[PDB]
Each structure stands twice: as structure tokens, then as C-alpha cells.
Student: 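One structure follows; several queries about it will come next.
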Amino acid sequence: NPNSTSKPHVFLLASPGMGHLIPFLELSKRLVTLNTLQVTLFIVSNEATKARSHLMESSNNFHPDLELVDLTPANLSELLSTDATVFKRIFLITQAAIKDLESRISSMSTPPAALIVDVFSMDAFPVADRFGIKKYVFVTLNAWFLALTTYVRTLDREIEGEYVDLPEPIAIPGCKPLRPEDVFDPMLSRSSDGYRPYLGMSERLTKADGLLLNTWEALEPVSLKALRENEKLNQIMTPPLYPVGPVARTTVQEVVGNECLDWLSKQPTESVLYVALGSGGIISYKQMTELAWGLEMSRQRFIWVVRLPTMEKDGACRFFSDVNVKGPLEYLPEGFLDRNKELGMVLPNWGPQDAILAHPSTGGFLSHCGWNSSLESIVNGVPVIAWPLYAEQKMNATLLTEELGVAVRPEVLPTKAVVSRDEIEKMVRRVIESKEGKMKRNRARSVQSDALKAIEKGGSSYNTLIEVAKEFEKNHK
Ligand SMILES: O=c1ccn([C@@H]2O[C@H](COP(=O)(O)OP(=O)(O)O)[C@@H](O)[C@H]2O)c(=O)[nH]1
């Protein structure tokens, strides 16, 4: 109908990584379901995978007014080959897409009403500025991370020497102090190639017209209050703050024909441990051997997502790929798959995590505590074995364990020492079979209740998302 009113158009931009794409897909669907917004999500990826194709295909059929556009640049072998951390390469790949984004915006009769980018994608800000587009960052991390990020440029001036050498916890104004061993990966060495980019991220976030945050009032009342009211922090991070979390898959729709899920439905309630170290997590061959034996020795049911072990060229994580279909199985102990066929299912590379964590037969989650995975454990009330590896996962693991009370963790960080099969067996038993595990599942359940309330009608995050969506609507005004 050419005489019908057109909805205002919101653009989103997600950088490489399942942990950026998945929450951006969920936010995009939440926005479009308000029935007042045209939504286009531009996706930048590191490579083609079956997992990404299925995610994209599902989403591009969700709603008429929701569109997905693949902006992955066509000549990535050079950028992926850069001798740099995955963290830094995410920036480099995203930068290689900005010109194409600007091309898309220029061809439009009317510019988008808003642009929402992730923390790796703020090189799109000049594009927004040229077209008069309000720019928002969807910070897909938690408030504690946002506080640290707000204040890290001050920390850079005030602390001499390495953060990891400091004697006591790092004060963050108004907030829980940060243990030196828990600092965000780029802070682990001030000579790392991600440390300066992180300082730049800190500065550029202050230039946003608004910040959407994947947390909720009931989860992080102290950190949100510090961000909002502590002069040391609200003097720096001036943009308006919108907690809209949990932005996470909270409806899983029935799957026909999935071998994993069909098997899971045959297991007893709360009996299966899901084991998956995100999309990017990798472990050494030696650690993989201990984990395999730990799971076998526990005699608990499990679903274990495995990848190729760490190689010489690997850093702290690995760009997600699914072309090594069978290779990861080659690094299990001889006969493992057949020896554990009654209780254990091993999946190379990718599993249906949303459906598994929502399944009533799942009893626990051995997680690397990436923030999306953490949220998926919370929205489903699943207790956690915390196994942080990279990014801000050590902070997340501490949040889950010390503040929420929903997690068990090894004595020593897995990045500092191999976790033995004996400790693993003990952790798995504690979470799945023991009375302590029932207590942490009940705690998780309690946390879940307030998380779901936040995004249901009338919840704090639901209303905050409405408020944000009205700013986009007024931008059109
Ligand atoms: O086998 C897997 C591994 C990961 N995921 C999903 O990929 C995302 C990983 O994001 P996260 O923030 O936990 O960590 P990342 O791997 O990006 O560091 C989550 O939404 C996972 O549910 C999945 O579906 N299947």
C-alpha cells in the first residue's frame, strides 16, 4: 500500500562471533515483534558455517518487517591471517565491512531512524554521524563489565605496572572489586594487542546516544546504581543506560528429527550434564583427556560439545568453525564413544544449546561462562560448573559463583592449571547427583524467576525496551 504509513527503520550491526550474532538476532526479533519498527540486522562473520546458516535462515523468516543482510567481506583470508589475537581480528574484520554498511545506508531514500552496533562495531559511528542517525551500542555483556570498561582508562593512568601483579583486588567505584586473576583478557598483559583497542572501546562508548545492556535491575542492582550515580563513573559514561536483559533465547520451539534432543528426552529429569565451552573455547589435548575421563568416571549422563584441541598457532580462543566434522572425535581416549554410549553423547563443534538447556532432563551446565551461555543457564534455571577461558569469562564465573550462588568451580583457574580427571568427576557428581547440587539448582531457579519476570510484560527490562523503542520511533518523528 503506497499510501500506508511506513514504520521507522532501525539498523543493527553485529561483528564476528556466535556470541554477537545470537543476542543481536534475539534483540532484532524482540524489536520487530513490537509491530512498530522495520528492522534490518547486518551480520559480519569470520566464515560460513552450517550453524550460522541455520540461524540466519530461521530468523529471516521470522517476521515480514525483519530482514537479515550478510555483510561478511569476501576476502577475509588476509584479515584472518593477521598475526593477532582473535579479539583484535574481530575489530579488523568488522572494519572491513563499514564501507559496505555505508553503501547500504546511502542508497536509501530515507536514512534509518537508529543504528545499534556491538562493542566491536563502533567504527560505524562516523557513518551514523554523516547521515544524522542516532547511534546506540547494544552491550551484550553485564553491568560489572560495563563499569570496569567505563573506568579502565582511569585505571590505565592510576596503576603503574601490570594489573595481574597487583596485591589486592582492583577497586571499581561503587562496585565489587576485581581480583587480578579475573581481569578481562586484554588487561592480562598491557603489551597485548587488545589492550589499546580496549581503551579505545572505553572512550568510544561515551559517544553513543544510548547504551542497551544485557542485564536487568534485579541481577546487578549495585553495579547499575554505581553506573548511574557514582560520580567517578557517571562523569565518564554519560550516555543514557537501558538494561534490557536477559536478551537470550527464552522460547525454544519444537525440533523434529534431532538425534541429540531425541536421546535427551529419554533421560531422567535433571540427570544430564551439558558440557560446552562456548562457540570459541578450546582446550589442550591433555585437558581434553582429563575431561573425558572425568565424565566417564562420574557415571553421570552427559552431552559434550568437542572441538579440535589447542594447536601451536592457537591463542586464547578460536574463531568458530564446523568444517572439522569428525576430527574432534579423534582426540578422545581410544574407545570412548562406544564405552560411554549408554550415558554420554559427544557432538563435534556445535550442539543445540538453547534446546538442551531448556530440556527438563538437563541437570547442569559445564560452561566457559561467556555471557550468552551464562544467561541461557539463568533463563532456564540450570546450575553451572564454571570453566572460564577468555574475554570477560573469569569475571562472569566469579559473578555466577560468588554473587548468584549458582555455580561450582575448580580450585585453580583452568587457564592456570589442567583440571584433573578426579576433580572433574567430583564437580560433575556434586552438580548432578548430590544434595548440594539440588541446592544450587534451587538457587538457579530463584535467579531464573527474577530474570524471566524482567522480560515478561510489565517487567523492568520489558518496559526499558519499550522506552528505547520509543526513542527510535521519535527519531523518525
Ligand atoms: O555448541 C554450541 C556452542 C554455543 N552455542 C551458542 O553460542 C553462543 C556462545 O556465546 P557466548 O557468549 O556464551 O560465548 P562465546 O562462545 O561467544 O565466547 C551461545 O548463545 C550458545 O548457546 C550453541 O548454540 N551451541
Side-chain angles (χ1 to χ4, degrees), residues 14-27 29 43-46 49-56 58-59 85-87 89-90 118-120 138-142 145 184-185 194 214-215 245-250 252 255 258 260-261 264 273-283 302-308 315-322 324-325 328 345-359 362 365-380 382 384 386-397 399-400 407 415:
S15 71
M18 291 298 193
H20 304 136
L21 169 58
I22 284 168
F24 267 69
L25 289 167
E26 180 62 26
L27 178 66
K29 301 191 215 165
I43 299 160
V44 185
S45 317
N46 55 291
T49 58
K50 272 342 271 170
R52 172 159 68 95
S53 290
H54 292 330
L55 284 172
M56 289 179 53
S58 299
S59 298
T85 61
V86 174
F87 179 79
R89 273 176 288 155
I90 292 167
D118 69 25
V119 297
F120 291 85
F138 179 24
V139 180
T140 53
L141 301 325
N142 63 38
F145 175 83
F184 184 49
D185 262 6
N214 205 352
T215 194
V247 180
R249 296 175 287 180
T250 53
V252 172
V255 185
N258 185 286
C260 170
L261 297 173
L264 180 55
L273 178 75
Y274 176 63
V275 183
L277 304 177
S279 73
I282 52 178
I283 59 174
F302 61 86
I303 294 165
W304 181 15
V305 178
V306 294
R307 341 197 130 90
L308 295 179
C317 69
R318 185 184 297 144
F319 278 114
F320 169 72
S321 181
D322 69 351
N324 309 278
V325 171
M345 182 176 293
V346 180
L347 307 174
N349 300 305
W350 191 252
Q353 179 155 323
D354 56 342
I356 290 165
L357 292 168
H359 197 287
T362 299
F365 182 9
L366 195 161
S367 171
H368 75 342
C369 300
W371 193 235
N372 294 290
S373 292
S374 297
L375 295 181
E376 294 163 351
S377 80
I378 289 163
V379 298
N380 289 294
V382 174
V384 168
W387 195 296
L389 293 172
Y390 58 93
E392 89 295 352
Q393 288 154 22
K394 294 173 190 158
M395 290 177 65
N396 298 343
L399 192 165
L400 301 180
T415 52

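Atoms within a ligand are numbered from 1 in the order they appear, just like the ligands themselves. For the numbers below, each heavy atom of this structure counts, side chains included, while hydrogens, waters and symmetry mates do not. Count residues from 1 along the sequence.
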Student: Any idea how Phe365 and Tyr274 line up, ring-wise: parallel (<30°), tilted (30 to 60°), or perpendicular (>60°)?
Tutor: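 The rings of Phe365 and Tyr274 sit tilted, inter-plane angle from 30° to 60°.
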
Student: Measure the CG-SG distance between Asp185 and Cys317 for me, rounded to the nearest 0.5 Å.
Tutor: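 So the gap between those two atoms works out to 8.0 Å.
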
Student: Nearest non-hydrogen contact with atom 21 (C) of ligand 1 belongs to which option: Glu392, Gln353, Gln393?
Tutor: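 Minimum heavy-atom distance to atom 21 (C) of ligand 1 goes to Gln353.
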
Student: Provide the number and element of each atom of ligand 1 under 4.0 Å from a heavy atom of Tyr274.
Tutor: 1 (O), 2 (C)

Student: Would you tell me which option among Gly278, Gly19, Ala276 has the nearest heavy-atom contact to atom 3 (C) of ligand 1?
Tutor: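 Nearest option to atom 3 (C) of ligand 1, by heavy atoms: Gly278.
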
Student: Could you tell me whether the side chains of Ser15 and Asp118 share a donor-acceptor contact shorter than 3.5 Å?
Tutor: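 There is such a pair between these side chains.
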
Student: Answer with yes or no whether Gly280 contacts ligand 1, where contact means a heavy atom under 4.0 Å from a ligand atom.
Tutor: yes

Student: Of all the atoms in ligand 1, which lie at a distance below 4.0 Å from a heavy atom belonging to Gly351?
Tutor: 1 (O), 2 (C), 23 (C), 24 (O), 25 (N)

Student: What protein heavy atom sits nearest atom 2 (C) of ligand 1, and how far away is it?
Tutor: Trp350 CE3, 3.4 Å

Student: What protein heavy atom lies closest to atom 13 (O) of ligand 1? Include the residue and the distance to one decimal.
Tutor: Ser373 OG, 2.6 Å

Student: Do me a favour and list the nearest non-hydrogen protein atom to atom 20 (O) of ligand 1 with residue, atom name and distance?
Tutor: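 For this ligand atom, the closest protein heavy atom is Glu376 OE2, 2.8 Å.
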
Student: Compute the shortest N/O to N/O distance between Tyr390 and ligand 1 and return yes if it is under 3.5 Å, no if not.
Tutor: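 Looking only at distances, the answer is yes, because the N/O contact criterion of under 3.5 Å is met.
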
Student: What protein heavy atom is closest to atom 16 (O) of ligand 1, reported as residue, atom name and distance in Å?
Tutor: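 Answer for atom 16 (O) of ligand 1: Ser279 N, 2.7 Å.
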
Student: For atom 8 (C) of ligand 1, what is the closest protein heavy atom, and at what distance to 0.1 Å?
Tutor: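 Among all protein heavy atoms, the one nearest atom 8 (C) of ligand 1 is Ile22 CD1, 3.8 Å.
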
Student: How long is the gap from OG1 on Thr415 to CH2 on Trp387, to the nearest 0.5 Å?
Tutor: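 The CH2 atom of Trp387 is 11.0 Å from OG1 of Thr415, to the nearest 0.5 Å.
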
Student: Examine distances only and state if a side-chain atom of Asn324 and a backbone atom of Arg307 form a donor-acceptor pair shorter than 3.5 Å.
Tutor: no

Student: Determine whether the side chain, the backbone, both or neither of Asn372 has a heavy atom under 4.0 Å from any heavy atom of ligand 1.
Tutor: both

Student: Verify, without hydrogens or angle tests, whether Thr362 (side chain) and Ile356 (backbone) share a donor-acceptor contact under 3.5 angstrom.
Tutor: yes

Student: Just let me know how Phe320 lines up against ligand 1, side chain, backbone, both or neither, with a heavy-atom cut-off below 4.0 Å.
Tutor: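 Neither; nothing of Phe320 gets under 4.0 Å from ligand 1.
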
Student: Consider only side-chain N and O atoms of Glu376 and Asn380, and report whether a donor and an acceptor are under 3.5 Å apart.
Tutor: no

Student: With under 30° as parallel and over 60° as perpendicular, where do the rings of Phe184 and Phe87 fit, or are they tilted in between?
Tutor: perpendicular

Student: Has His20 got a side-chain atom pairing as donor or acceptor with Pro16's backbone, closer than 3.5 angstrom?
Tutor: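 Indeed, once roles are kept as given, a pair shorter than 3.5 Å links the two residues.
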
Student: Keeping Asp322 on the side-chain end and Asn349 on the backbone end, is there a donor-acceptor pair under 3.5 Å?
Tutor: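 No, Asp322 side chain to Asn349 backbone: no donor-acceptor pair under 3.5 Å.
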
Student: Can you sort out which atoms of ligand 1 are near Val305, meaning under 4.0 Å from one of its heavy atoms?
Tutor: 1 (O)

Student: If you measure from each non-hydrogen atom of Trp371 to ligand 1, which part falls under 4.0 Å: side chain, backbone, both or neither?
Tutor: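 Under 4.0 Å from ligand 1, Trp371 contributes backbone atoms alone.
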
Student: Would you mind running through ligand 1 and noting each atom that sits below 4.0 Å from a heavy atom of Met18?
Tutor: 7 (O)

Student: What do we get for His368 next to ligand 1 when only non-hydrogen atoms under 4.0 Å count, side chain, backbone, both or neither?
Tutor: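 For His368, only side-chain atoms sit under 4.0 Å from ligand 1.
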
Student: So how far is it from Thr250 OG1 to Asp354 CG, rounded to the nearest 0.5 Å?
Tutor: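 CG of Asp354 is found 10.5 Å from OG1 of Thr250.
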
Student: When only distance counts, is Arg249 in polar contact with ligand 1, meaning an N/O pair under 3.5 Å?
Tutor: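 In this structure, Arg249 places an N or O atom under 3.5 Å from an N or O of ligand 1.
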
